[PDB]
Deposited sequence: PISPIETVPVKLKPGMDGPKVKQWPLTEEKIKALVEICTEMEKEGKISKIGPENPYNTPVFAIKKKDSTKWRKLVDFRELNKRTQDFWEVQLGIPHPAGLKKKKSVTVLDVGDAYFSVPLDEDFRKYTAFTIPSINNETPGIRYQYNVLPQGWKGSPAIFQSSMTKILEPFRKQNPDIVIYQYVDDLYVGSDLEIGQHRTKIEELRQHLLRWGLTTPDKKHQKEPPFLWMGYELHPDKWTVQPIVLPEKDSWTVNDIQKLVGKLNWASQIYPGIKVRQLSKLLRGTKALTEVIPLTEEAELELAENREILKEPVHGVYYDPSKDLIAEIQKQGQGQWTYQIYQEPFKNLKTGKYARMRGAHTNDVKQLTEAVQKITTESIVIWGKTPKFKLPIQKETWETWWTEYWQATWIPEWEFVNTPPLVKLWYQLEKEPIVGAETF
C-alpha cells in the first residue's frame, strides 16, 4: 500500500532519549517480541548512524503469559506534526487494544528513522540492538491519524447495527460504552471483537468529584480557627464568594493555640455561608483544546489520594479523590492513580494531562514501569509540594 508522507514540526529534530535499564523478564519478552516483528517485516535492524532514539520496555497484563511491548513515544509525539460528549455517561465502558491494526499499514520511509529504539542486554553482555519501524507503530500519535479512514470503514456497520453504542479511539485504544446489562454489554463487546476479527471495565456514571468541605465541631480553639481561616483564605482563590473577616476578628489579640473561642453570631453565620458557597459549583471554566491539561496529585495518607485537573490555576475542570485499601506501596498507588486519572481525562476530553507528581524523580523512574498497564504514557514533571495544599483538599 502507498504511504502518507509525514513531517516533523518545523524547526524540530527527532528524539534522542537514552534507553533505561530493563529487567531480565522485560528484556526476554522484548527480544522475543522483536524477532517475530522482524520476521513479519514490521521492524528492521539499524546501525548507529541513525542518530535517533526512543526508550522501550514491556508490560505483562494481569495474570497472563503475554507481554505487550511499549515504546515511550512521548517525545516523538511532541515533535510530530499535528469528541463524543455522550461516552462519559454510559453505565459501562470497555477498553479494547486495537493497536495490532496498525502493523498492516506501511510507514513513510523518510520517517522510519525517527522510530529507532534499542534493546539492552543483561550486564552489558553486548551493545544495544537497534531497530526502526517499517509500519505504523503503536503508541505514536501519527498512527490513529493515518489509519482513521480505514478505522471508520471497519466500524460504520457495527455503528449502524448499534446506534445506542458509542465507540471512541485514543491511539491504540478503543473505548466502547453501552447502556446494557452486564452480559448484554459483554456479549455485545464480543460481537465487535468478532466483527473486528474479520477485518484483521469502566463505569463513567460512578465517577465522583471531591468537594472542599469544612470541619464541623462544637468547640473551637484558636488553633482550629487559625487553620480554618488559612484554608478559607486559599479557597477564596477558587471561590471569590468565601469570606474570613468575621472569623479573623476572633483571632484579635495574641492567644494560646489551645484556648477555646466561642463563635460569635456573625462568625457562626459567615461559616454557614461559606459551607454553602462550597456547594455552588465553579463558575466559568471553559476547556481549551489548545492548552494542556495539568493534573496535580496530593498524597493524603492511608491510601487516600486527591487530584485536580485544570488548565489555568484555580480554574479546575475537575477535582477528585482516589481511595485504596489501607504492605501499601505508595509508588504503586501513585502510578495506579495516574493511570486512572489519565483514563478519565481521555474519556471526558480525549486528551492526556501533564502530571505534577509529588514524588522524587529517581524513586519514580526506579519503579513506575513495574506498575504500568496502559498503552499510552502521560507527560509528567516532579514537584516537592508546599504541605499547605495537602490540608486544603484534605477529607
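Against the full deposited sequence, the model leaves out several stretches, namely 1-4, 87-95, 214-232, 359-360, 430-440.
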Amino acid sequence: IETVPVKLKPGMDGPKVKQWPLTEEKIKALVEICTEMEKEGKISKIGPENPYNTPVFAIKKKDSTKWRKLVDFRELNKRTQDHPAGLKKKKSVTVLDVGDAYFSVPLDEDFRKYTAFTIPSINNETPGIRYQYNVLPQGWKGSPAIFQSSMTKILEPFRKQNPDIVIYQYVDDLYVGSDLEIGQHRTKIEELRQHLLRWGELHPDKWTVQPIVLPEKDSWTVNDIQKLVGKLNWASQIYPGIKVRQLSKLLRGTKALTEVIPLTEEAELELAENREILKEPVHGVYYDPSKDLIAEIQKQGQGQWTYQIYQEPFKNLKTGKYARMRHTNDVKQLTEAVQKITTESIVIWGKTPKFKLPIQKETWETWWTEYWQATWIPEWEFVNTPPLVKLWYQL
From here on, numbers count along this sequence of modelled residues.
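Averaged over their C-alpha atoms, the temperature factors of 291-299 and 121-129 are higher for 291-299. Comparing 100-108 with 203-211, the stretch with the higher mean C-alpha B-factor in the PDB entry is 203-211. Of the residues listed, 243, 79, 227, 321, the entry assigns the biggest Cα temperature factor to 243. Per the PDB record, 284 has a higher Cα B-factor than any other of 84, 144, 284, 137. For residue 329, the recorded CA temperature factor ranks within the middle third of the chain's modelled residues. When the CA B factors of the chain's modelled residues are split into thirds, the value for residue 305 lands in the middle one. When the modelled residues of the chain are ordered by their C-alpha B factor, residue 162 lands in the highest third. In the PDB entry, residue 184 places in the highest third of its chain by CA B-factor. For residue 194, the recorded CA B-factor ranks within the highest third of the chain. Only modelled residues enter the ranking.
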